[PDB]
Structure formats: structure tokens, C-alpha cells
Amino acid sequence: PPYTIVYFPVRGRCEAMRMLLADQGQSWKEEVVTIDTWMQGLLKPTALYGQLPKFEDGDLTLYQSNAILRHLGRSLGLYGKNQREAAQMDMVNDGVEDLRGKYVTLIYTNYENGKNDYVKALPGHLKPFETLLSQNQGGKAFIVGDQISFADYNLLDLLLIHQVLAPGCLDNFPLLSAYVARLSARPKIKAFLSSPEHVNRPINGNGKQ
């Protein structure tokens, strides 16, 4: 530390890492970048891939939301207890990222014409996570092993935004329903999710959610 998140005034690819920091009792600074400021062209060319989020942890400056999550995982001991768990956590997180990519593409490029096919195809994309939960202490612990990891925060966010997109998408996925309920109920996440910083921030950069 200190921690700084440099991002658009949205939840997007930062709410997972924000929930992570909150739940871990870490404080951080938000450097909010408007599109107006972004369109000025001063910051964009200094970013590695010309994109946000950008994250600072003391002397370490990072880009790529999942690299940031993995760094937080390794540094804060949220990357499982062993080599198997670390690999399985990567496998989970890559799955989360696949579906997030499909979600982002829908929201920003094809919402009106593509939502119906998306929500229709969604249960097939959520089943893997229910399956993962089913094979880990009957879904009563975390996505991998018995301790919270970076992969949990990301999957939790993915499930949260998808409930907004499709209200009852988790009714046919009991383990994922209770999982969302259980992790959201953790005191520090509970507090974060009800905080003005979170509540008064749109999920995405357009209207669409």
C-alpha cells in the first residue's frame, strides 16, 4: 500500500477488486477519471494498453483488471493454500473473465438486438460455477477450497451484475444463489455494498445494465 484505483465513474471491472479491498479491511483512494478528461488524450497514451483500470500499490503500477486481482490475491494471501488451489482459482477466474467478456460485448455493442439470445444462452454459462460449488463441500464454502480468494470476489461481482441483467437467473442455481447471499452478507462486503460510493455508481458506462 497505499492503494489507488484509477478508473471511470462506473463499477465495471473495478467492483470486484473494490469488494476485495473492503472485505480485507484495506483502505484505498479513488482517482475518478471522466470520459471528458479521458477524451483529452493526456492519460490514455501513458496507460500500457491505452485502457483503465489502472492500479497503484505503493511503487507498483498495474493495468489489466485480472492482473490487479491476481496481484491482490498473491500479496494478501487470497490465492489458496497450495499449488492445486492456485491453478483451480485461475481456472475459475478465466471462466469468470470469459463470461464477463460476453457480458461487456452485449452491454456496449448489441444490447437491444442481442439481449434475448444472451439471457437464453446464460444458464449454460452459469452451470460450470454451480458445478464447481457442488464439488466443494456441497457449495457451503467458497468457489475453491475453504478460504475466500480473489476468484470469489470476481465471480461474486459477475453474479451480482447478471442478476441486474436477468432478475431471476439464479433461481435455477441454488448453490450460486446462497453463495451470492452468503458472501454479500459478510460484514465488510455488506457495508461496502450499502455505501454511497458503490450505490451511486452505475454498473456500466452507458445506460444499459
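Residues carry their position along the shown sequence, with the first being 1.
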Greater mean Cα temperature factor according to the PDB record, 175 to 183 or 44 to 52: 175 to 183
Mean C-alpha temperature factor, higher of 79 to 87 and 130 to 138: 130 to 138
Candidate set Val33, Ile68, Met39, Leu155 [ranked by C-alpha B-factor, highest]: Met39
Per the PDB entry, maximal CA B factor within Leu159, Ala166, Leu62, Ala151: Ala166
Ranked against its chain, the third holding the CA B-factor of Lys115: highest
Chain-wide C-alpha B factor ranking for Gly101, given as lowest, middle or highest third: middle
Relative C-alpha B-factor of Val199, binned into the chain's lowest, middle or highest third: highest
